[PDB]
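For reference, the structure I am asking about is given below.
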2 protein chains.
Amino acid sequence: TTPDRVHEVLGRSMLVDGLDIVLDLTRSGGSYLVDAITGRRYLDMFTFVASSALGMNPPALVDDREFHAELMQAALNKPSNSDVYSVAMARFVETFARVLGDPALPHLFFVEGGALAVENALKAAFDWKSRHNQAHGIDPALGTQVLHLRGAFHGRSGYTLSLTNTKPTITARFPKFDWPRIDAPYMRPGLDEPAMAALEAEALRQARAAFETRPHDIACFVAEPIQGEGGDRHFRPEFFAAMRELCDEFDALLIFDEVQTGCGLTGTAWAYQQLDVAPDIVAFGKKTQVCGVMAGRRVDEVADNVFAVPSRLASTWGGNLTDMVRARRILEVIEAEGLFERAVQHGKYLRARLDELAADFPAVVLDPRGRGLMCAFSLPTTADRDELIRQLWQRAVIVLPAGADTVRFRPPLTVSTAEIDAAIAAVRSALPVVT
Amino acid sequence: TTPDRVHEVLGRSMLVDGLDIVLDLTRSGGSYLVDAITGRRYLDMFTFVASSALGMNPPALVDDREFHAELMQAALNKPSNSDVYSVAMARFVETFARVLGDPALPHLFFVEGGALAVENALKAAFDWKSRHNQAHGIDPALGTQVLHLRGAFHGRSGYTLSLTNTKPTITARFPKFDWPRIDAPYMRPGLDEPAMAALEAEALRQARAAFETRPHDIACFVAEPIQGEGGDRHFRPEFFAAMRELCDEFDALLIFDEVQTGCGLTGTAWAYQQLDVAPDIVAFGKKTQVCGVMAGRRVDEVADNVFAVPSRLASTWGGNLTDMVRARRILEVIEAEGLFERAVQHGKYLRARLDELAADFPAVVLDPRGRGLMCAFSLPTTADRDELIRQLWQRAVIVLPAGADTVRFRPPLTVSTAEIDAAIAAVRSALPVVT
């Protein structure tokens, strides 16, 4: 089967609604994807839906003969890491703890898939609340609900379908729990400190009302620190700081879903580190390759929590060993080359360019925003946004939509300023055409 | 970090309740695992919880230089296969369809994880029932419940926690849907045709009552063709044939969870092929490396089902590309070496040996049973069963428990008769010690 027959072969078995290209696995590199059909190079601001930290075929992985041997050893088989331990696994775990670890969150758990990472954070909270209730004379049947935000995306699995609320297509006709959902007080243009404070106060009021009308039954609050799929919606640290206090007042855990924000994209290991709010549990995935949770803080106050008791959380494989070996090497590169700091600096650059675009096209380029390399802007209508994406595709630049009117940038951590300039140049070319 | 420090390193971050050994990834091969600490070889009747079809480091994969290059190309990166197609992916899909495909079930969907494979089968059914209801004048809010069996294991995710019912430890304190659950009329010793028929009739009665008291609200019936974790419980074809008719009468889909039974273990591609019952959806995982569903039959009667409409089912990665490349090669070996037939023949051999054990130890070795290489026997008590497993471990044979009193055999498809003899010899040595 040849590159030009790929879409035909897949089309016999599946819906083929992806990109028009066929990925050349060998010739792609860094910030560029190569179409195996034409040999055309595409500038990658999409990074497999923000799951690639270093881009395709990074030199530090490709040129490392010792790593090749390690990777090959892992890739030939697929052990059940939950039952059977290896040096390859232990090396990954120790470097994860070193590079991304938080001393307050020592409990680590790994699984395949971002939705399942979030689910296991939820399971930890449900167990914790039930047991905490029981220890304080409250019915252990209580503690089954999840406070969450409007516009949230946490995945497409059994529990996360009850949380995710972006496009109706994702959740329609699937059974859901009736869990309390509150307004998301995200930052928007033309709102000053007092205006933002009032918006936050209303979400806080709704949150308080949920806790008070469902006594002892809310196990946790879950949020993305920055809402990705919902449209790159940013929140003030003040909002999460207030939620942290409110969670503590009602003995509920605070969970950050860092599946999209995590592993350096915002300029720190985790976005929460810049918001100065301490979570009890963090769910991670995408860039980490293997998914999972880190837990601690109040979790430890219940001695028989799911991290202390065998067989409460599990899967067959306990994450993919190949992903663990790849991730170990990726984390070593991040640490050695100071890629978090590079993300801060290049992120400031990208943001500055988007500000310039907003000045040049004031009625078209709206609400330029970002933290680190996680940047976005919006257009007046969905039609304008969709057209800009088509125009960029024609110019060999890959970006992703979000929400009704957002264009998202998700470059690799290794993106150069010249590559950012190229992306911006394409947007500038395309804009007069869309207007 | 050295083999002797693996448990210490992992123990800082996780609960370390797995096997005492450290897996040597290089020296393990075929039906043998190697402990990196001692160099002791362990006879493997466990195969990473039945997820290894060919055992460790199969020669056809290890000696194939062309495959090495293909695997390395896949392993270096992790593309989002849902968005971005490759030759490596298309080759996997076409060989999957060739080797394991069913002409009645042309729709394929891939995902990481067995629980998520089952969840996507459920999502397909929920959507189908709602839309089928709508097309026939019935409220589209109806069609949200899942008929399932006692003793079932379908995973540990949001929807599957409402189905799984083996050990309380798996499901306690996690929120569940109230879905209808019926008795499992599995075969047991000392029950003749009429006795089995009466047991089945009672389960059928319970099933009928569920359909009639929850009108238009049961979307599907889900079952394992042979219950694995619940204790290798086998069902007569007559039971599933009756359930098939009953599902059709009430316009509900029939889903087989073949995550444990699938990919040749029972002697055919799928266990359902030997039961002569046609499912609408099959969920697969474990041995297939990449997980997912095959769908067809009645699914196609709803033209806007989830396999026809974009973005109803999805994940970031669409399965792991490394797993796809490995699985392609594994399937080619199965096809080329006639491993399904080998499983039939060696399975008959293993079963014969267990019958002999039952004759020699009539009060201790109970209910010897199996289909293909999926074989088991039971002991009088849980204490006897647990002790036998410890005694086998001491003799370097790895087997898995199931239920309260079952010992399961899960050899690779490539197991030899001498290796089966070795396993049986160890059981014979251990039994006088446990009695």
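Following Swiss-Prot, chain A residues are numbered 15-449, in order.
Here the Cβ of each residue, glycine as well, is placed from N, Cα and C on the backbone.
Pulled the feature table from Swiss-Prot, pasting it below:
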- A:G128, A:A129, A:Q274: pyridoxal 5'-phosphate binding site (BINDING)
- A:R170, A:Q274, A:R422: 2-oxoglutarate binding site (BINDING)
- A:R170: L-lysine binding site (BINDING)
- A:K300: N6-(pyridoxal phosphate)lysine (MOD_RES)
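Give me the lay of the land around each of these features.
The 10 Å shell around the Cβ of A:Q274 (pyridoxal 5'-phosphate binding site) contains 29 further Cβ atoms across the protein chains shown.
Around the Cβ of A:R170 (2-oxoglutarate binding site), 25 further Cβ atoms fall within 10 Å across all displayed protein chains.
Every protein chain shown contributes to the tally, and the Cβ of A:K300 (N6-(pyridoxal phosphate)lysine) ends up with 28 other Cβ atoms within 10 Å.
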What same-chain residues, at least 6 away in sequence, bring their CB to under 8 Å of the CB of A:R422 (2-oxoglutarate binding site)?
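Once residues fewer than 6 apart are set aside, A:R422 (2-oxoglutarate binding site) is near A:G242, A:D246, A:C389, A:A390, A:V413, A:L414, A:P415, A:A416.
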Just jot down the residues in the same chain as A:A129 (pyridoxal 5'-phosphate binding site), at least 6 apart in sequence, with C-beta under 8 A of its C-beta; none if empty.
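Result: A:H168, A:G169, A:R170, A:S171, A:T174.
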Would you identify the secondary structure of A:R422 (2-oxoglutarate binding site) according to DSSP, in three states?
strand
Around A:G128 (pyridoxal 5'-phosphate binding site), which residues of its chain at least 6 apart sit with Cβ under 8 Å of its Cβ?
A:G169, A:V273, A:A297, A:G299, A:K300, A:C305
